[PDB]
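Okay, here's the thing in structure tokens:
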């Protein structure tokens, strides 16, 4: 998301970790819309917990299934 | 594409590090190299491999210069410094894909190398040169890697007592080139004479009239040759013409002047330092002020050697330069003994310049990678991500040691991070008498930061003649 | 983008230089062998460019320019191609100097308008009221044709034909309204004006046909008399025609069915209704103009108001001819037209005779739009260059150099006339410019004259042609 | 691979119509496989629709040009060229300028607001002295008729389109003006008629002149109108009853009659171009006009149809918006100053993106000077120095070759036309900058 | 076209070799030989260019140009090649988009380079503060040079004259502002210093010895005895008197030029040759003073201190650049007539009159004085610095944009492109240091554009910071040396239309 927003992906990632550690524990993400600072929590942008949890479960289940196929058998055409 | 040309040199540099990677450690794999002249040599020493490899790649030759400085400064780790250099090059490959300029990559290595040394000094146990029990056990373990084992008990105090005389205090770098290992045919290992004053490489006059011994003599260095208050003189060896005429031997015999001719040209620079004298090219400029000071000069032959020894130079500018004499029967004895005691002097040299010692076997590389991973959150920006990749690049040294020893690669590495959490430097290599000086681990990281820097700073190469 | 224009100019210059050898009666003839095996030989520029099947897209525009050259002026189809290529050849050095074609194109349009006023001041002013110069103009133009002694009587017939349709301010008059009907038999000495109208075919040769009728009505009918008891079906067809008192039936020629049944011939014989069949499709639009009638598709569309009037409709008796003539159309709304019948024994006579009268009517029509004539033979081409020599010094900027190259391209036409005649090219041109200090237009004593519209249209069409050639900077495939 | 094909492929689209922009522009020729369909026309919409393109990114500009043609019908070439110049400069903004692609999008968004503000401050309208407003409609009509064959008689055609719009006084709908094209006569013989000339007659044989007629679209009516044909017997029965029946009335003709009438005073039948015509007279507050153009050939009329329809569509929008701006390269020059003005305070990554839009505004008048035979870099730079600091009046002259005032030469443009070009062209460029990849499904 | 491509693409390819080596954080390059065992690594820009053999005949010209910077100064040689290569990048964009002779564009560089040097002067600072410590060091060094020289008789008097001949200048240090008068029959210790420009061999006979509010005009003409060599020309005359009458008719046309002298509003005229009595007599009625024996040297030194110009012809009356002096006094010293000028407009100069006992002591005193003044005046242009950190590089960029306001039509793009090359220096420094050149330079130009901008390039924090707080300065002599060398380097390459391939070795 930082590469699509015109920001340094490494610099922003390291910045988000410093704001959530030395300052205080909170949720501060990459800015999808133009703004002048961090802490999108003020903008009241929320995502469903069941929606985000469903993504990490399907991504983990898919990654395990990919590792369970070590061979690709593709038959020819008649 | 100036960066893609450099990436081609990085891949070629990592290929050289992978070849040396199999030779790390005493259990490492040997490398067979066939020279163009037809000579076939093989060994596990990384310094001898890169020297005879005859690398034509311009950037890959930097590993040879670092390996030469690794043996000249620390004396150990010439193989590990090449592997550590290739790790930073592989970690920088992913950095270039993220759009990171190599200057930040090279500048962050300076702060990473200086931080790794300060962290290493915290876990290092500081030792002092006044303790002679620590230096004997340190040099004795380095002699266990050679065929000579039971005879190395008398060789341990030989290398310790020679350095302690020239160590003094705050000497910083101590050159081991002033310490000469004399290899003569005959004798045994248990027969050794320190002769702290100096030891020559040559015999005395075997003709008639030669005194072969003199008391209260002044030894000068004369590069001239006599051919168609100086008690002892030296004549440079020249095979072209005659060195010293037979008539000149009878002339100086009546004057009670000891003559030693056929002096090797390699020892001319060595004798001009320890003796504190100056070379005399012409007799017109030859004076007494360029001579030396010797209380007694005699020729003592244990068996067949017929070697002359000098003691009590007593020079203010010159220091007590000590030359070690090594005796043995077969040629392979004094040879392998020379390289074994040379590595023992390098380990002692590391303790003189930098006090303290650590336990080898990849123990500090595990904890440093753990501390830098947690301290990486204290930074910000692109430099913060470099600390994470720099910590992972330090784990290649302990991983390779586990691979070359037959043990499971990933299994042993996980056991290192697990045991080093509760204890500190306890994993046990101290019970196994494995001690690696701190200067070797310090110079290996310092030279790697400068080696990788000199690589990435080359953006192109062109024909220049 | 210059590679597209330079490729088209060189390709068009080779076509203009190829037609250049065909200028004049003594010029070189070009041969074209069609894929079907037909080979034609002639010096006509309009025929060569039409049968050449040029694949080059820009070079095909010369056919449209040559088409308008014969349609408007009627002469100079070869000269307009030479003048077009002369400007293209001079434009090659213009692009080498870094001149954009817009200035090149805009300067040709301004130079063509000024060249017209120069020719009008040097032209001899004549009027249509004087028939002395009108007869001598068409008589000398036929010296290049088979007709020689009989051409003296053909000149006044063409003069009186144009003067009726010329009027004064009518200016351009359509040449399609003049129909020349050629037929085998007879001779050239026998001519009839017949200002009412003339058809292209004969009348019914069967038994019962009157072939002649007095005081009859003429109208266009697209219907056809055919069987579907059959005499009862044909009786209602002839009865509806009798209701409007139409004694002249014109049926459009069609190969589908016949024209008039033989049973209907006996019905129309008692009613004295003349029938003329085999009317060509080209004459359908012609008869709808001069006669003022309307084409009638069905029998219900047939009305009396769409029928004309004819004094006497008769079939003239002649050897192998039998031409039907109509006089006194008596229509105030429809203007009269001229239809001349051409007769002769050989088929090759009535053919070239029709084409010879085409060039005679065009030159006379040139005087209708713009009066006056300029003696040919390179006189108008050189006279313009003489005036543009001192005028080029009065200009300023890039256009000043264009006036010098424009007059140089005009010298190609008189140079080709000297080459095709065997005389030295440069030597003859220098002799004309040498006497220019004394004589001006002087060819007058040789009875060789040319209308002003030919020289005017040749410059105007060539100026717009070359203007449109430089406008194409790219060639793309769009389907 | 996709970005290289989308950028170069879109420039090739603008390179086809680059010669069709401006009154001094040139005509493009096309040839199909049959080779007999070749036609010479400068219409930008005809060139884009006829030429097939396998580039999927190039098809986006084709559909966008169709939307621009429906609103006005002209200036479609300037929209494609301006969209191509933004993509040509975007290649330098990405590779060597180190700029994020979304930043280029946000750069044009901030630059578009500065271009619209420059046209607003330069828009001057005169409500008083309608005679001066009528002259502005004359100058605008001269710019719409440019690039077309009608430019010859355009001096006479200037008062034809200007006086026609003044007779509406109502909705901007163009259904009031009906275009009739008849062969014969010079182009200058065209006239303006409010009598609603009809191209079809009525009845088989019926009186030509009708007085006090009552128009009824389908009672006591003197005139009957039917959409379909008429059977034979009632056509004769309607004559005896005094009812005149009209036939061959299409959907377009019915909508034009609903905007006029019903009853009418006089229906007169005239003969022009060898065909019966019907000129109505004495309608009730007629808002409709009829323009009859006389061409030489069918090819001249076919090009004159859309030429007049596009000219009247722009003049119809001038009734709602009376503000006008100076054209002929002057409009694009004023907007170029507002872009560099807002560039004083700007971020690092957006600076080069917005400054590239300023040079793209000068690329449109650059091509205008190319087809005019003059030097673009020489003439535009001399005008840019005068427009740089104050005293902005004069603009590029395509005839004499010097710097002259557009107000004195009678060259002006409508404010509504320019704001639509800057808008649609900006939205057209943002779509192609977003697409870095194209995936096409397997066809059947 | 390949001639310019070899002079551009061939030079840029060679210029990009040392381009990445600019600055301490710049890149490095390896130089490989045939045997490959003799190679070396260095960051020197002049070493890489001279060591690499280049078959490009246009690249060999750049090597000889870079040698001028080494012999004249010897510092910043790499920056000269990098800046000269960036000028070719902008010149290539101006040519390919034009294809007109670059000599017209070269004239735009000269007008733009003049505005760049003026912007560096207004913002220039100096370490000359506390001149009291600098004056005490200047008199001590001057006495050291007097060793082995005949001037060593008295060190205090001679070093004091050289001290007041430098610090009192407040301007150009060229020796043309210091006039040396050498006379016989005097003592060296009796020498004095005068701020006026002193001549000898006083002009005129009946002319007055004092002139108030004098104007200076420079011209070259012979008003006395024209037609030097009359031998060889055919003379056809009835009498001998007609020969002298011809010379009067030729000098009669000079009256119009004499009338133009009075139209200039000047009271004094200067001529190198002599003047006959009749045109000199008219100078009295018109109030014209005739100065003779002005030679050439003394004319150039007088025109610079008085703010005038020199011309040998009259192009048009009431158009010229004139100097002035308030008081002209005629005195006599050393048995020779002298002239004294005073009251010049913005006059800055001095005159050292040395009294020797022979001609050998006079020549050795003037040559030894110039060597002493050259070393002391060398510190005037030395140690003087300007605000660095990319500021002065951007100050020259916005100064060219000021020239882009009033400019010709064809010179608008030529001058504007010169400001783009000046902004390429921070672009290269940002890439070699590992930063973003698009973000830093753009934000740097927006701040410096209008007013109150002390900001500059800060490589420690990777952002734009004030250089005056960090104390980042660069020498002013390095600024003028690189710009003047790069301007001349671009002229040598652009003035060559066709380049013949050099002989391969």
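Residue numbers (full-length UniProt numbering), protein chains in the order written: chain A, 483 to 560; chain B, 16 to 243, 282 to 480, 491 to 528; chain C, 17 to 244, 266 to 479, 492 to 528; chain D, 17 to 234, 279 to 321, 338 to 520; chain E, 16 to 520.
Cβ coordinates follow ideal geometry from the N, Cα and C atoms, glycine included.
- Less than 8 angstroms separates the beta-carbon of residue 138 of chain B from that of residue 420 of chain B.
- Restricting attention to beta strand (DSSP E) runs no shorter than 3 residues, the stretch 23–87 of chain D encloses them at 44–47, 55–57, ordered along the chain.
- Of the other Cβ atoms in all chains shown, 16 or more fall within 10 Å of the Cβ of residue 84 of chain E; this residue is therefore buried.
- Using a CB distance cut-off of 8 angstroms, residue 294 of chain D does not count as an interface residue toward chain C.
- Rounded to whole angstroms, the separation of the alpha carbons of residue 100 of chain C and residue 228 of chain C is 55 angstroms.
- The beta strand (DSSP E) runs of length 3 or more contained entirely in the stretch 44–94 of chain C are, from start to end of the chain, 46–49, 55–58.
- For residue 438 of chain B, there are no neighbours in chain E by C-beta distance under 8 angstroms, as the nearest C-beta there is about 14 angstroms away.
- For residue 523 of chain C, at least one C-beta of chain D is nearer than 8 angstroms to its own C-beta.
- Residue contact with chain C for residue 47 of chain D: present (Cβ-Cβ distance below 8 angstroms to some residue of chain C).
- No residue range can be given for residue 233 of chain E, since it is assigned to no beta strand (DSSP E) and is classified by DSSP as neither H nor E.
- Distance from residue 386 of chain C to residue 150 of chain C at the Cβ level is roughly 25 angstroms; contact not present, criterion being Cβ atoms closer than 8 angstroms.
- DSSP places residue 347 of chain C in the strand class (E or B) of the three-state scheme.
- DSSP, reduced to helix, strand and coil, places residue 321 of chain B within a helical segment of the structure shown.
- Within the same chain, Cβ atoms closer than 7 angstroms to the Cβ of residue 107 of chain E are found at 23, the five residues on either side in sequence being excluded.
- 116, 118, 119: these are the residues of the stretch 106–121 of chain D whose beta carbon lies less than 7 angstroms from some beta carbon of chain A, given in chain order.
- Residue 434 of chain E has its alpha-carbon roughly 20 angstroms from the corresponding atom of residue 462 of chain D.
- Check the Cα spacing between residue 19 of chain D and each of D/111, D/137, D/89: the tightest is with D/111.
- The Cβ atoms of residue 285 of chain D and residue 355 of chain D do not sit closer than 8 angstroms to each other.
- In terms of Cβ geometry, residue 378 of chain C and residue 161 of chain C do not form a close pair [threshold 8 angstroms].
- In this structure, the beta-carbon distance from residue 332 of chain B to residue 236 of chain B falls below 8 angstroms.
- Shown here, residue 364 of chain C sits in a strand according to DSSP, grouped into three states.
- No Cβ of chain E is located within less than 8 angstroms of the beta carbon of residue 100 of chain B.
- Looking at the DSSP output, residue 359 of chain E shares a beta bridge with E/340.
- Remark: C-beta atoms of residue 178 of chain D and residue 153 of chain D approach each other more closely than 8 angstroms.
- Non-local C-beta neighbours of residue 219 of chain C in its own chain, meaning closer than 8 angstroms and more than five positions away in sequence, comprise 225, 227, 311, 312, 313, 352, 359, 361, ordered along the chain.
- Looking at the DSSP output, residue 295 of chain D bridges to nothing.
- For residue 520 of chain A, the closest Cβ of chain D is not nearer than 8 angstroms.
- The C-alpha of residue 217 of chain E is placed about 30 angstroms away from the C-alpha of residue 330 of chain E.
- Not flagged as an interface residue toward chain D: residue 439 of chain E, since no C-beta distance is shorter than 8 angstroms.
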